[PDB]
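Below is one structure, written out as structure tokens; comments come after it.
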Amino acid sequence: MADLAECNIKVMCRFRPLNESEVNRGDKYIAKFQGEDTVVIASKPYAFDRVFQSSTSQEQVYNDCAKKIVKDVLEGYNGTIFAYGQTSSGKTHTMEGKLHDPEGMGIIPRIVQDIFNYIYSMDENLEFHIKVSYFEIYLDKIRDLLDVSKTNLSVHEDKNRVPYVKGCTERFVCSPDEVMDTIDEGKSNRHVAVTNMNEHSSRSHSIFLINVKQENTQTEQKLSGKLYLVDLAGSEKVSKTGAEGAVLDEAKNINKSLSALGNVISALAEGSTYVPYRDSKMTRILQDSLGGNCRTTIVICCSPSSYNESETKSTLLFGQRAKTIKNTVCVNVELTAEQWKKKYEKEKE
């Protein structure tokens, strides 16, 4: 529980609903509360130590988030970020956090620019080296397509107990434009596409690692570790089932990894005496990376729709899956005689 130590960042959740489109369709959404620290959620069990809503104001949450992940890189061994959401929230715009124009940019742009800012302000004595790698995982292949060849990643317990970039995909990258291209031009093309709003995200999650060092030649010979941003996607098999094969991996690989990951985060935070692994692909690769040996940030984004209520529930379900169903009743204590909200601001008496 420290900036340079294992920390859940109080499970940050940003569920920004989509207006205009939903309004035109006449679809309602579930959201009654403010967007700061602690908020009020429907009578069903909820747990958000730290949560933001439309009040996020973009810059207020992104600025804070970037600092939290950057700081663990400087002092903490590694920096890991988890992000779960659905195409409804907008994977490209919301979860990816890619702003078409700088101004309260999201997580991805901040990593590229915020970190680079330090690089530009680098000292002559200090030596900086930046390398990036991208990996893709599907149940059917189980191998990363980034290398252009079917291969499996391997981790060695001898020196760092961390996964090694197989295929030498960690090619040196210095310019920000070069890393930008890998994010969309190479990553998207290599990733398997499926008929859906989100070709890659809707069928599988995406994980990539960034190797950056702020080491100095004489004293800080070795400093910093790796930065990670994971896009968790794939709703429960419920509802849709005709897909069969398409839903098979979503209900199997994604579901299994999702549950195991929840166990890894929850069990470690609670202080469980058992070592995590569950023979899961995601748990094994991030066993030591997310084994409590470094600070991590949790990101939860989901847009609640009228008919997408189940997805909203799944948003909280992340860490709450087992504790979300108990004899617990939640009511709004701060209720007042004054009307909470109105259709139009204008009021006549």
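Letters A, B, ... go to the chains of the structure tokens in the order shown; residues in each chain start at 1; ligands are counted from 1 in the same order.
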| Spatial neighbours of residue A:137, 9 Å, only C-alpha atoms, chain gap at least 5 places, as a list in words | residues 142, 143, 144, 145, 191, 204, 205, 206 and 207 of chain A
| request: Taking the chain letters and numbering used in this document, name the residues of stretch 243-326 of chain A that DSSP puts in alpha helix (DSSP H), as a PyMOL selection string. | output: chain A and resi 245-249+255-270+281-285+309-320
With C-alpha atoms retained, export the selected residues as a short mmCIF file (atom, residue, chain, number, x, y, z; two decimals), in the first residue's frame.
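result03.cif, freshly written:
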```cif
data_model
loop_
_atom_site.label_atom_id
_atom_site.label_comp_id
_atom_site.auth_asym_id
_atom_site.auth_seq_id
_atom_site.Cartn_x
_atom_site.Cartn_y
_atom_site.Cartn_z
CA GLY A 245 -17.36 -20.62 -31.66
CA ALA A 246 -17.16 -16.82 -31.49
CA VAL A 247 -18.64 -16.78 -27.98
CA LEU A 248 -16.74 -19.92 -26.97
CA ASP A 249 -13.45 -18.09 -26.40
CA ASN A 255 -14.03 -15.49 -18.70
CA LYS A 256 -11.35 -17.71 -17.16
CA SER A 257 -8.68 -15.01 -17.37
CA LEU A 258 -11.12 -12.40 -16.08
CA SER A 259 -12.01 -14.47 -13.03
CA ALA A 260 -8.38 -15.38 -12.34
CA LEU A 261 -7.27 -11.76 -12.66
CA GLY A 262 -9.99 -10.70 -10.25
CA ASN A 263 -8.69 -13.31 -7.83
CA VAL A 264 -5.13 -12.04 -8.27
CA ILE A 265 -6.02 -8.42 -7.50
CA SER A 266 -8.55 -9.12 -4.73
CA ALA A 267 -6.58 -11.92 -3.03
CA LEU A 268 -3.35 -9.92 -2.93
CA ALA A 269 -5.04 -6.76 -1.65
CA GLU A 270 -6.89 -8.73 1.06
CA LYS A 281 -2.34 -17.31 -19.28
CA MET A 282 -2.82 -13.77 -17.96
CA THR A 283 -2.01 -14.66 -14.34
CA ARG A 284 1.17 -16.53 -15.29
CA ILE A 285 2.54 -13.78 -17.54
CA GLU A 309 -28.07 -2.94 -17.91
CA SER A 310 -26.29 -6.29 -17.56
CA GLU A 311 -23.07 -4.69 -18.83
CA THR A 312 -23.35 -1.96 -16.23
CA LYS A 313 -23.66 -4.62 -13.56
CA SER A 314 -20.61 -6.40 -14.97
CA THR A 315 -18.65 -3.16 -14.56
CA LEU A 316 -18.83 -3.31 -10.75
CA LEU A 317 -18.70 -7.12 -10.93
CA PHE A 318 -14.94 -6.81 -11.61
CA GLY A 319 -13.77 -7.06 -7.98
CA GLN A 320 -17.30 -7.44 -6.59
#
```
Report as JSON lines: every residue of stretch 211-254 of chain A with an atom at most 10 Å from stretch 110-114 of chain A, its closest pair of atoms, and their distance in Å to one decimal, counting only C-alpha atoms, with rows sorted by chain and ascending residue number.
```
{"residue": "A:227", "atom": "CA", "partner": "A:111", "partner_atom": "CA", "distance": 8.6}
{"residue": "A:228", "atom": "CA", "partner": "A:111", "partner_atom": "CA", "distance": 9.9}
{"residue": "A:229", "atom": "CA", "partner": "A:111", "partner_atom": "CA", "distance": 9.7}
```
Would you mind exporting the chosen residues as a PDB file, in the first residue's frame, restricted to N, CA and C atoms?
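Done, and the output landed in out.pdb:
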```pdb
ATOM      1  N   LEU A 227       6.030  -0.530 -18.496  1.00  0.00           N
ATOM      2  CA  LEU A 227       4.697   0.062 -18.351  1.00  0.00           C
ATOM      3  C   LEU A 227       3.673  -0.788 -19.108  1.00  0.00           C
ATOM      4  N   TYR A 228       2.539  -1.094 -18.471  1.00  0.00           N
ATOM      5  CA  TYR A 228       1.525  -1.931 -19.117  1.00  0.00           C
ATOM      6  C   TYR A 228       0.130  -1.292 -19.088  1.00  0.00           C
ATOM      7  N   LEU A 229      -0.627  -1.517 -20.161  1.00  0.00           N
ATOM      8  CA  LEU A 229      -2.016  -1.051 -20.253  1.00  0.00           C
ATOM      9  C   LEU A 229      -2.823  -2.205 -20.840  1.00  0.00           C
TER      10      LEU A 229
END
```
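Note that atom CA of residue A:129 and atom CA of residue A:169 are 15.1 Å apart.
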| task | Would you list the contacts of stretch 9-11 of chain A as a VMD selection string, taking every protein, DNA or RNA residue within 6 Å and counting only C-alpha atoms, but skipping same-chain residues closer than 2 positions in sequence? | result | chain A and resid 7 49 to 50 297 to 298
How would the residues just chosen look if you wrote them out with C-alpha atoms as a PDB file, in the first residue's frame?
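Result saved to result04.pdb:
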```pdb
ATOM      1  CA  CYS A   7      -1.585  -0.529  -4.560  1.00  0.00           C
ATOM      2  CA  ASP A  49     -13.162   3.573  -3.164  1.00  0.00           C
ATOM      3  CA  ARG A  50     -12.301   5.943  -5.987  1.00  0.00           C
ATOM      4  CA  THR A 297      -3.585   1.213 -11.422  1.00  0.00           C
ATOM      5  CA  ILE A 298      -7.073  -0.172 -12.063  1.00  0.00           C
TER       6      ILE A 298
END
```
| request: Could you jot down the atom CA of residue A:128 to atom CA of residue A:211 separation for me, Å, one decimal place? | output: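 Computing the Euclidean distance for atom CA of residue A:128 and atom CA of residue A:211 yields 11.1 Å.
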| note | If you count only C-alpha atoms, the residue of A:33, A:48, A:307, A:77 closest to residue A:290 turns out to be A:77
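Distances from A:163, A:55, A:175, A:3 to residue A:67 were compared using only C-alpha atoms, and the smallest one belongs to A:3.
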| task | Quick one: pull the distance between atom CA of residue A:165 and atom CA of residue A:66, Å, one decimal. | result | 24.9 Å
| Between A:243, A:153, A:168, A:294, which is the closest to residue A:131 once you count only C-alpha atoms? | A:168
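Closest to residue A:340 among A:34, A:58, A:80, A:149 is A:34, based on only C-alpha atoms.
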| Selection: 12 Å around residue A:93, only C-alpha atoms, excl. self and same-chain fewer than 3 positions, as a ChimeraX atom specification | /A:16,18,85-90,96-101,105-109,198,301
Writer output for current selection, N, CA, C and O atoms, as a PDB file, in the first residue's frame:
```pdb
ATOM      1  N   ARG A  16     -18.666   6.886 -18.232  1.00  0.00           N
ATOM      2  CA  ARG A  16     -19.279   8.039 -18.883  1.00  0.00           C
ATOM      3  C   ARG A  16     -20.354   7.574 -19.878  1.00  0.00           C
ATOM      4  O   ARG A  16     -20.026   6.921 -20.869  1.00  0.00           O
ATOM      5  N   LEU A  18     -23.191   7.640 -22.972  1.00  0.00           N
ATOM      6  CA  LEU A  18     -23.174   8.285 -24.280  1.00  0.00           C
ATOM      7  C   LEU A  18     -24.471   9.051 -24.524  1.00  0.00           C
ATOM      8  O   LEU A  18     -25.544   8.460 -24.635  1.00  0.00           O
ATOM      9  N   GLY A  85     -13.732  -2.490 -20.234  1.00  0.00           N
ATOM     10  CA  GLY A  85     -14.875  -1.748 -20.754  1.00  0.00           C
ATOM     11  C   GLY A  85     -15.507  -2.454 -21.951  1.00  0.00           C
ATOM     12  O   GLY A  85     -15.063  -3.526 -22.362  1.00  0.00           O
ATOM     13  N   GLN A  86     -16.555  -1.843 -22.497  1.00  0.00           N
ATOM     14  CA  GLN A  86     -17.262  -2.409 -23.640  1.00  0.00           C
ATOM     15  C   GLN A  86     -17.352  -1.380 -24.761  1.00  0.00           C
ATOM     16  O   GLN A  86     -17.344  -0.176 -24.508  1.00  0.00           O
ATOM     17  N   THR A  87     -17.428  -1.861 -26.002  1.00  0.00           N
ATOM     18  CA  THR A  87     -17.513  -0.978 -27.165  1.00  0.00           C
ATOM     19  C   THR A  87     -18.502   0.168 -26.938  1.00  0.00           C
ATOM     20  O   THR A  87     -18.365   1.237 -27.535  1.00  0.00           O
ATOM     21  N   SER A  88     -19.493  -0.055 -26.078  1.00  0.00           N
ATOM     22  CA  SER A  88     -20.485   0.975 -25.797  1.00  0.00           C
ATOM     23  C   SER A  88     -19.818   2.220 -25.216  1.00  0.00           C
ATOM     24  O   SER A  88     -20.150   3.344 -25.591  1.00  0.00           O
ATOM     25  N   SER A  89     -18.869   2.011 -24.311  1.00  0.00           N
ATOM     26  CA  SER A  89     -18.158   3.128 -23.701  1.00  0.00           C
ATOM     27  C   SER A  89     -17.213   3.784 -24.706  1.00  0.00           C
ATOM     28  O   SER A  89     -16.777   4.917 -24.508  1.00  0.00           O
ATOM     29  N   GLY A  90     -16.898   3.068 -25.782  1.00  0.00           N
ATOM     30  CA  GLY A  90     -16.002   3.599 -26.801  1.00  0.00           C
ATOM     31  C   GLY A  90     -14.561   3.183 -26.507  1.00  0.00           C
ATOM     32  O   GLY A  90     -13.822   3.895 -25.830  1.00  0.00           O
ATOM     33  N   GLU A  96      -9.181   3.585 -24.673  1.00  0.00           N
ATOM     34  CA  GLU A  96      -7.845   3.844 -25.193  1.00  0.00           C
ATOM     35  C   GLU A  96      -7.366   5.209 -24.720  1.00  0.00           C
ATOM     36  O   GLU A  96      -6.172   5.429 -24.525  1.00  0.00           O
ATOM     37  N   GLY A  97      -8.317   6.116 -24.518  1.00  0.00           N
ATOM     38  CA  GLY A  97      -7.991   7.452 -24.044  1.00  0.00           C
ATOM     39  C   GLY A  97      -7.217   8.257 -25.094  1.00  0.00           C
ATOM     40  O   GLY A  97      -6.408   9.118 -24.748  1.00  0.00           O
ATOM     41  N   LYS A  98      -7.454   7.975 -26.372  1.00  0.00           N
ATOM     42  CA  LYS A  98      -6.748   8.697 -27.425  1.00  0.00           C
ATOM     43  C   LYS A  98      -7.536   9.924 -27.869  1.00  0.00           C
ATOM     44  O   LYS A  98      -8.593   9.806 -28.489  1.00  0.00           O
ATOM     45  N   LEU A  99      -6.999  11.103 -27.567  1.00  0.00           N
ATOM     46  CA  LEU A  99      -7.643  12.354 -27.958  1.00  0.00           C
ATOM     47  C   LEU A  99      -7.157  12.792 -29.336  1.00  0.00           C
ATOM     48  O   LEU A  99      -5.955  12.791 -29.605  1.00  0.00           O
ATOM     49  N   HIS A 100      -8.086  13.178 -30.201  1.00  0.00           N
ATOM     50  CA  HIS A 100      -7.718  13.630 -31.538  1.00  0.00           C
ATOM     51  C   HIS A 100      -6.928  14.936 -31.458  1.00  0.00           C
ATOM     52  O   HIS A 100      -6.175  15.275 -32.371  1.00  0.00           O
ATOM     53  N   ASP A 101      -7.109  15.665 -30.359  1.00  0.00           N
ATOM     54  CA  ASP A 101      -6.416  16.933 -30.160  1.00  0.00           C
ATOM     55  C   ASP A 101      -5.987  17.063 -28.689  1.00  0.00           C
ATOM     56  O   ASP A 101      -6.836  16.984 -27.798  1.00  0.00           O
ATOM     57  N   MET A 105      -5.815  14.788 -22.584  1.00  0.00           N
ATOM     58  CA  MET A 105      -5.679  13.495 -23.260  1.00  0.00           C
ATOM     59  C   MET A 105      -5.877  12.346 -22.270  1.00  0.00           C
ATOM     60  O   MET A 105      -5.886  12.554 -21.057  1.00  0.00           O
ATOM     61  N   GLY A 106      -6.058  11.137 -22.802  1.00  0.00           N
ATOM     62  CA  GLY A 106      -6.286   9.960 -21.964  1.00  0.00           C
ATOM     63  C   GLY A 106      -4.986   9.275 -21.537  1.00  0.00           C
ATOM     64  O   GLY A 106      -3.907   9.860 -21.603  1.00  0.00           O
ATOM     65  N   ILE A 107      -5.117   8.031 -21.071  1.00  0.00           N
ATOM     66  CA  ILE A 107      -3.972   7.250 -20.590  1.00  0.00           C
ATOM     67  C   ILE A 107      -2.913   6.985 -21.666  1.00  0.00           C
ATOM     68  O   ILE A 107      -1.723   7.155 -21.408  1.00  0.00           O
ATOM     69  N   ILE A 108      -3.324   6.536 -22.851  1.00  0.00           N
ATOM     70  CA  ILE A 108      -2.344   6.228 -23.895  1.00  0.00           C
ATOM     71  C   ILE A 108      -1.513   7.457 -24.289  1.00  0.00           C
ATOM     72  O   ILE A 108      -0.283   7.400 -24.244  1.00  0.00           O
ATOM     73  N   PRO A 109      -2.123   8.562 -24.657  1.00  0.00           N
ATOM     74  CA  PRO A 109      -1.364   9.796 -25.036  1.00  0.00           C
ATOM     75  C   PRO A 109      -0.442  10.275 -23.918  1.00  0.00           C
ATOM     76  O   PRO A 109       0.669  10.730 -24.175  1.00  0.00           O
ATOM     77  N   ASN A 198     -16.365  -3.361 -32.391  1.00  0.00           N
ATOM     78  CA  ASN A 198     -14.959  -3.478 -32.024  1.00  0.00           C
ATOM     79  C   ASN A 198     -14.436  -4.806 -32.548  1.00  0.00           C
ATOM     80  O   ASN A 198     -14.717  -5.858 -31.983  1.00  0.00           O
ATOM     81  N   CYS A 301     -14.124   1.356 -17.198  1.00  0.00           N
ATOM     82  CA  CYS A 301     -14.998   2.255 -17.965  1.00  0.00           C
ATOM     83  C   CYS A 301     -16.135   1.493 -18.646  1.00  0.00           C
ATOM     84  O   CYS A 301     -15.902   0.498 -19.326  1.00  0.00           O
TER      85      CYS A 301
END
```
| said: List the spatial neighbours of residue A:124 as a list in words - criterion: any atom at most 12 Å away, only C-alpha atoms, same-chain residues fewer than 2 positions off excluded. | reply: residues 119, 120, 121, 122, 126, 127, 128, 214, 215, 216 and 217 of chain A
| request: as a VMD selection string, please: all residues of stretch 45-116 of chain A that backbone DSSP puts in strand (DSSP E or B). | output: chain A and resid 50 to 52 79 to 84
| query | So which residues touch residue A:27 within 12 Å, counting only C-alpha atoms, skipping near sequence neighbours fewer than 4 positions away, as a list in words? | reply |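 That gives residues 17, 18, 19, 20, 21, 22, 23, 304, 305, 306, 307, 308 and 309 of chain A.
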| Taking into account only C-alpha atoms, which residue in the set A:185, A:6, A:250, A:349 is nearest to residue A:138? |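 Using only C-alpha atoms, the shortest distance to residue A:138 belongs to A:250.
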